[PDB]
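Below: one structure, written as structure tokens.
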Amino acid sequence: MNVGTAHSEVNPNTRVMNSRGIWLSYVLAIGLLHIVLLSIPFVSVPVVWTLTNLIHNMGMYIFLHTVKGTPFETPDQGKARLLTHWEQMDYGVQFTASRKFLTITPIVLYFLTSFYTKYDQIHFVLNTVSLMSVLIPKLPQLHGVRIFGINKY
Amino acid sequence: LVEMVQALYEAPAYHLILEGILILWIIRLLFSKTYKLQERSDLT
Amino acid sequence: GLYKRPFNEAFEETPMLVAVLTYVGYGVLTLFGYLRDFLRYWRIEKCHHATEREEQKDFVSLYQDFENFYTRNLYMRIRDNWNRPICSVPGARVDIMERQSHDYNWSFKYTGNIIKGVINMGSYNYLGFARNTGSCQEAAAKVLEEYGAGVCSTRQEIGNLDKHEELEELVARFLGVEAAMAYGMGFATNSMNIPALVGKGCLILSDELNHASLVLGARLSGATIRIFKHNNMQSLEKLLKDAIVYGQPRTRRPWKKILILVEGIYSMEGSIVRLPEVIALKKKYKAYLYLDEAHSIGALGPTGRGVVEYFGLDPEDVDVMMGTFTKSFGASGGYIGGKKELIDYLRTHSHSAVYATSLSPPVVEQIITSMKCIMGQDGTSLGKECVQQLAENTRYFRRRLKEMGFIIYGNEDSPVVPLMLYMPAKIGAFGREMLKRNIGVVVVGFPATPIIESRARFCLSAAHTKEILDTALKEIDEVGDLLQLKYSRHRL
Amino acid sequence: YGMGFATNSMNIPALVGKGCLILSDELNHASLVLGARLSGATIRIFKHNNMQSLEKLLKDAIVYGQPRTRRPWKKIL
Numbered sequence: 001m002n003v004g005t006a007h008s009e010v011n012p013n014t015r016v017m018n019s020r021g022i023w024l025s026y027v028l029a030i031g032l033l034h035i036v037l038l039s040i041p042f043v044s045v046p047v048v049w050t051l052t053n054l055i056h057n058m059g060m061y062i063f064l065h066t067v068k069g070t071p072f073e074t075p076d077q078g079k080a081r082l083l084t085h086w087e088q089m090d091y092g093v094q095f096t097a098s099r100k101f102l103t104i105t106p107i108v109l110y111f112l113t114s115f116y117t118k119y120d121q122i123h124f125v126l127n128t129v130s131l132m133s134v135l136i137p138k139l140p141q142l143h144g145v146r147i148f149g150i151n152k153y
Numbered sequence: 010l011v012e013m014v015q016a017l018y019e020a021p022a023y024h025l026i027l028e029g030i031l032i033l034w035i036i037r038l039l040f041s042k043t044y045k046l047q048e049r050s051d052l053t
Numbered sequence: 053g054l055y056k057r058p059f060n061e062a063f064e065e066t067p068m069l070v071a072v073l074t075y076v077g078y079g080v081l082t083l084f085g086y087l088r089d090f091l092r093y094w095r096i097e098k099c100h101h102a103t104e105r106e107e108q109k110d111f112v113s114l115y116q117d118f119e120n121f122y123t124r125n126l127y128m129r130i131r132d133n134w135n136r137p138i139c140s141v142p143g144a145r146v147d148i149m150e151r152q153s154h155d156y157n158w159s160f161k162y163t164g165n166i167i168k169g170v171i172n173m174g175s176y177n178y179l180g181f182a183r184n185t186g187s188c189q190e191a192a193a194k195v196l197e198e199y200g201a202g203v204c205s206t207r208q209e210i211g212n213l214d215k216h217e218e219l220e221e222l223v224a225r226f227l228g229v230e231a232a233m234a235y236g237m238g239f240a241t242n243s244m245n246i247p248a249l250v251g252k253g254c255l256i257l258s259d260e261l262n263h264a265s266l267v268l269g270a271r272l273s274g275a276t277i278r279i280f281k282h283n284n285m286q287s288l289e290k291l292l293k294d295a296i297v298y299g300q301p302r303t304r305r306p307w308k309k310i311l312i313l314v315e316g317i318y319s320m321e322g323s324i325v326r327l328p329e330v331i332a333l334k335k336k337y338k339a340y341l342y343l344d345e346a347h348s349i350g351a352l353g354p355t356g357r358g359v360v361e362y363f364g365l366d367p368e369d370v371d372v373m374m375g376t377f378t379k380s381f382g383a384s385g386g387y388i389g390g391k392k393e394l395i396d397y398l399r400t401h402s403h404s405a406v407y408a409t410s411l412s413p414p415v416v417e418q419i420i421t422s423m424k425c426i427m428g429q430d431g432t433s434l435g436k437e438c439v440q441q442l443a444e445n446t447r448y449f450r451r452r453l454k455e456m457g458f459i460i461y462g463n464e465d466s467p468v469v470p471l472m473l474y475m476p477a478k479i480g481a482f483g484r485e486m487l488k489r490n491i492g493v494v495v496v497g498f499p500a501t502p503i504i505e506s507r508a509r510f511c512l513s514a515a516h517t518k519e520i521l522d523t524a525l526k527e528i529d530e531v532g533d534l535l536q537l538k539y540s541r542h543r544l
Numbered sequence: 235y236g237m238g239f240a241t242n243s244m245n246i247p248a249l250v251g252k253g254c255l256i257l258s259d260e261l262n263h264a265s266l267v268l269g270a271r272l273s274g275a276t277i278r279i280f281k282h283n284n285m286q287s288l289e290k291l292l293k294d295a296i297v298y299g300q301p302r303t304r305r306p307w308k309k310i311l
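Residue numbers (UniProt numbering), protein chains in the order written: chain L, 1 to 153; chain C, 10 to 53; chain V, 53 to 544; chain G, 235 to 311.
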């Protein structure tokens, strides 16, 4: 339906993360991904956890930090065609329960996978470079900055 | 419990350093009560 | 401020399981939409869309593809619920022309058959003034034969007529305010008269659920806009305090003016504004009030003067009283009422007064006859019966729906009943099944509403009889059993 | 008046009160400083014979206004 029929927000996207049951759905999605990975016979538990962390971090990066804009036409005349979803969230307020939860959960997953990976070096470097890739953009200093002009336009 | 402690003891030092700095980061985030607006302006 | 009568409203919360299933559905739709876009881009599947001409292929693309995402992938699938053509007067029963699509709603073809006698729950005729045969129609026909249809000039120029002055004085008597002015479009009323009242350096406080016309009018004027929560007088009071104290953001100076835009009845939410507390706050903090009464001017009130009569308040407290003739009176138009000085200032400085064509004469005749019937100048008892019947139908329908186990929003008095579906597929399913059983309804989706909350709105009328309501209620019960739409914990 | 010290100490309070601003040099006599203190006005000190400092203080005082609640100063002395 048209944007603005039943609410006055120019960008509904900014609030999709504060809705009811979204956090529980996110957690259940991570759990379902983990179970689907466990369903593979030849794969071993430490590399299962490495794959869980890698796939989660890749998808979360793609959605939160790669895709920019709004899927629906918005009546604010294009505030956020250049902004990504993380920048759009909560109209640019840097801290919020949603942002704190979203930036805390990858670290918890990293601790769990470090425990279950038997502290191996190869897995450690993979998981840590992935965690850095996710966590570097979350810094308030890196708001609306494109390194080497990637995804600016 | 005990097995977890032994497994943590078996790990290198840089890994525990990283985990400690990360838990410190989590504490800082969870106690970052300030909510900035991220706006820049000056009078003309 | 205090309420002479109780103020009952209920907004039940979404069960957690339903929220989780909602997000499952939206995720599946998003993934399959991305897949469909990938298929279409590589030309593996032909796209059923119009493309720019070859002469302009090297121009910059006119649209951004990502903006149309929800239109192609989700809106197109259930597009058949909206834009249903009719071929009859939109009374309690309407005739809907039938259409069929063989390419999954991308293109529609009209079959010969026309559905007849559909129970109408989508039109806005609250008092049932939409008749093709009546006294109003005869008066409109006479004025059409005399004055012709439409005027070809502007009010400030030769386009002003005597019928317009007669309508303005009648409206001023109806509302109880000193003076009123009439416009040819309800949307244009706000969009063209909010900029005149308020400009740069003033503050506008808007509800979360304001109509698009009010938001557009606020945007066109240079005033700062701050949004308080829906019917939360704590939020309104806090915003007023901070606005008066801290002043303008860049250079902390006093605001020239503070204007509060609110509505009588919110159509989608179903709620009625807490007018006494708003009036108390505006009196305490010296702020002006703009009251949109499109949905409440005919439906609410013991006699039908609007929200101000419903609560029993004083019309002189409301600074600006907007309104629309489309909903209740059955003819297109709009109006603003208030003090004589305000009305004269608008007569001189309104955009539509200067540049836009004035209203058609048959429409003003229809409005005059309808409004005289409502206030009872003709002496016929049709004035009281319509309002009483609307109130009875509202109470009966709302109570009997709440006792079936559905979730319903809004006050007990408001004649708009939003039932909640909560799931994207159930929107299309409810629309199609209700049409299959000869009931016409209106459904809304995610971009319009909060993501979890998807609803179907019923607009009751004084034309609906007890038999019609009972038939509709039994059909709604059957559908709710079929689609499992009774999420109410308090009632079963 | 019968005393030069008393002149300032007793007549600066009469001219200026709370809500006004007083701009003082770095080298003002003790009588002027005491008279400024006795009145409730805010006191800001610019550098000795530095009209850049005086101009900057005047600009900021007129622009930003009172510290707690940014309102115009009643007077500037």
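All C-beta atoms in this analysis are idealised placements derived from N, C-alpha and C, irrespective of residue type, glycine included.
A Cβ-Cβ contact shorter than 7 angstroms links residue 157 of chain V with residue 132 of chain V.
The stretch 472 to 487 of chain V makes no contact with the stretch 330 to 340 of chain V, as fewer than three CB pairs between them are under 8 angstroms. A residue is called buried once 16 or more other Cβ atoms fall within 10 Å of its Cβ, and residue 418 of chain V is buried on that count.
Beta-bridge pairing by DSSP links residue 324 of chain V to V/317. Contact between the stretch 452 to 472 of chain V and the stretch 31 to 43 of chain L is absent: fewer than 3 CB-CB pairs across the two stretches fall below 8 angstroms.
For residue 294 of chain G, the enclosing alpha helix (DSSP H) stretches over residues 285 to 298.
The Cβ-Cβ distance between residue 100 of chain L and residue 84 of chain L does not fall below 7 angstroms.
Collapsing the DSSP output to three states places residue 142 of chain L in coil. For residue 254 of chain V, no alpha helix (DSSP H) segment is defined, and its DSSP state is neither H nor E. Using a Cβ-Cβ cut-off of 7 angstroms, residue 20 of chain L counts as an interface residue toward chain V, since at least one Cβ of chain V sits closer than that to its own.
Under the three-state reduction of DSSP, residue 312 of chain V is assigned to strand.
Take the alpha-carbon of residue 65 of chain V and the one of residue 17 of chain L: they are about 18 angstroms apart.
The C-beta distance from residue 259 of chain V to residue 314 of chain V rounds to 6 angstroms, short enough to fall under 8 angstroms. Residue range 507 to 511 is occupied by the beta strand (DSSP E) that includes residue 510 of chain V.
Judged by their CB atoms, residue 74 of chain L and residue 3 of chain L are nearer to each other than the 7 angstroms cut-off. Each of V/394, V/264, V/57 was checked against the Cα of residue 320 of chain V, and the nearest Cα belongs to V/264. At least one CB atom of chain L sits nearer than 7 angstroms to the CB of residue 41 of chain C. Close partners of residue 304 of chain G in chain V (Cβ separation under 8 angstroms): 299, 304.
Residues of the same chain with a CB within less than 6 angstroms of the CB of residue 276 of chain V, apart from the 5 flanking positions on each side, are 255 in chain order. At a Cβ-Cβ threshold of 7 angstroms, residue 466 of chain V and residue 324 of chain V count as neighbours.
Contact check for residue 446 of chain V against residue 512 of chain V passes: the beta carbons are separated by less than 7 angstroms. Annotated three-state conformation of residue 161 of chain V is strand, per DSSP. Closer than 7 angstroms to the CB of residue 44 of chain C there is at least one CB belonging to chain L. With 16 or more neighbouring CB atoms inside 10 Å of its own CB, residue 317 of chain V falls in the buried class.
Taking the Cα positions, residue 243 of chain V is about 14 angstroms away from residue 343 of chain V.
Each of L/65, L/42, L/40, L/9 was checked against the Cα of residue 136 of chain L, and the nearest Cα belongs to L/65. Residue-level contact check: residue 141 of chain L does not touch chain C, since none of the beta carbons of chain C fall below 7 angstroms from its beta carbon.
Annotation: the stretch 399 to 444 of chain V contains the following complete segments of the alpha helix (DSSP H) (minimum length 4 residues), in chain order: 403 to 406, 413 to 427. Annotation: the continuous alpha helix (DSSP H) that includes residue 476 of chain V extends over 476 to 488. For the stretch 336 to 364 of chain V, the continuous alpha helix (DSSP H) assignments of 4+ residues that do not extend past its boundaries occur at 359 to 363, in sequence order. Approximately 6 angstroms separates the beta-carbon atoms of residue 346 of chain V and residue 375 of chain V; this is inside 8 angstroms, confirming the contact. When the beta-carbon positions are compared, residue 333 of chain V and residue 288 of chain V come within less than 7 angstroms of each other. C-alpha of residue 96 of chain L to C-alpha of residue 1 of chain L: approximately 29 angstroms in a straight line. Contact between the stretch 503 to 512 of chain V and the stretch 171 to 185 of chain V is present: 3 or more CB-CB pairs across the two stretches fall below 8 angstroms.
Residue pairing of residue 68 of chain L in beta bridges, as defined by DSSP: L/84.
With its beta carbon at least 7 angstroms from every one in chain L, residue 315 of chain V lies outside the interface.
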